[PDB]
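Following: one structure in structure tokens, then a few remarks.
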Amino acid sequence: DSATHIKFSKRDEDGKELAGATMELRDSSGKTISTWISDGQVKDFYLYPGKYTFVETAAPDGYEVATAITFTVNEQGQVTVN
Amino acid sequence: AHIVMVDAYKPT
């Protein structure tokens, strides 16, 4: 199939984009397919059908590491979260 | 499709 446009936002509790968070995107086997630090913008991804997980390795000071987020992209481009 | 992850504030 084709790649589905995923938009990822790391934010504070006030809903503002938060920079300084070291992030990983992993595939269904746990392999890190993307690595980055948040910079205050929405981060774009394009994923083929499969199961993935956003994982935070380090939070900026004054903040707690969020629970990892597992989601699936199906053949019709629909995205289902936990 | 959007995915939103929130960094919670550390305890006060």
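The chains referred to below are lettered A, B, ... by the order of the sequence lines, with proteins before strands, and numbering in each begins at 1. All values below were derived from every heavy atom in this structure, side-chain atoms included, with hydrogens, water molecules and symmetry-related copies excluded.
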Are the side chains of [X] and [Y] in touch, meaning some heavy atoms are under 4.5 Å apart?
{"X": "A:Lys43", "Y": "A:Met23", "value": "no"}
{"X": "A:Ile33", "Y": "A:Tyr52", "value": "yes"}
{"X": "A:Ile69", "Y": "A:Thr53", "value": "no"}
{"X": "B:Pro11", "Y": "A:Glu64", "value": "yes"}
{"X": "A:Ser34", "Y": "A:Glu24", "value": "no"}

Nearest heavy atoms of [X] and [Y], plus distance in Å:
{"X": "A:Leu25", "Y": "A:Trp36", "result": "N-CZ3, 3.7 Å"}
{"X": "A:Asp1", "Y": "A:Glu75", "result": "OD2-O, 2.8 Å"}
{"X": "A:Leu47", "Y": "A:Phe71", "result": "CD1-CZ, 3.6 Å"}
{"X": "A:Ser9", "Y": "B:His2", "result": "OG-ND1, 4.2 Å"}

*Rounded distance (nearest 0.5 Å) linking atom NZ of A:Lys51 with atom CG of A:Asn74*: 12.0 Å
_Distance-only donor-acceptor check, side chains A:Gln41 and A:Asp39, under 3.5 Å_ = yes
*Between B:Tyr9 and A:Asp14, does any side-chain donor sit less than 3.5 Å from a side-chain acceptor?*
yes
_Between A:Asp12 and A:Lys16, is the salt bridge (charged side-chain N to carboxylate O under 4.0 Å, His left out) condition met? List the steps._
CA-CA 6 Å; A:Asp12 54 32; A:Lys16 169 168 60 263; 3.6 Å; yes
_Mutual orientation of the aromatic rings belonging to A:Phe54 and A:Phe8 [parallel < 30°, tilted 30-60°, perpendicular > 60°]_ = parallel
